[PDB]
């Protein structure tokens, strides 16, 4: 169930959607800064809110 840092997942929503949006390239750098991994990064994109 832990595929990232709990509070990081939260604040990615803060930084991506709740802000003026951030590019995936910069996002990935910021991801590994807070403690993400490509697993959580894919999760966050594919299952953001465009889920199908």
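A few comments on the model shown:
- Length gained when the stretch residue 38-residue 51 is fully extended (0.36 nm per residue, less Cα-Cα span): 2.9 nm
- In percent, rounded to a whole number, the relative contact order of the chain is 47, using alpha-carbon pairs under 8 Å and six or more apart.
- Modelled label reach - residue 11, point 7 Å along Cα→Cβ, segment 26-46 residues with backbone N closer than 13 Å: 30-36
- Computed over the chain, the P(r) curve from all C-alpha pair distances, binned at 5 Å from the origin, holds 5, 20, 36, 28, 10, 1 percent per bin.
Each value in this text was obtained by applying a stated rule to the coordinates, not by laboratory testing. We place every Cβ from the backbone using ideal geometry, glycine too, and count neighbours over all the protein chains shown.
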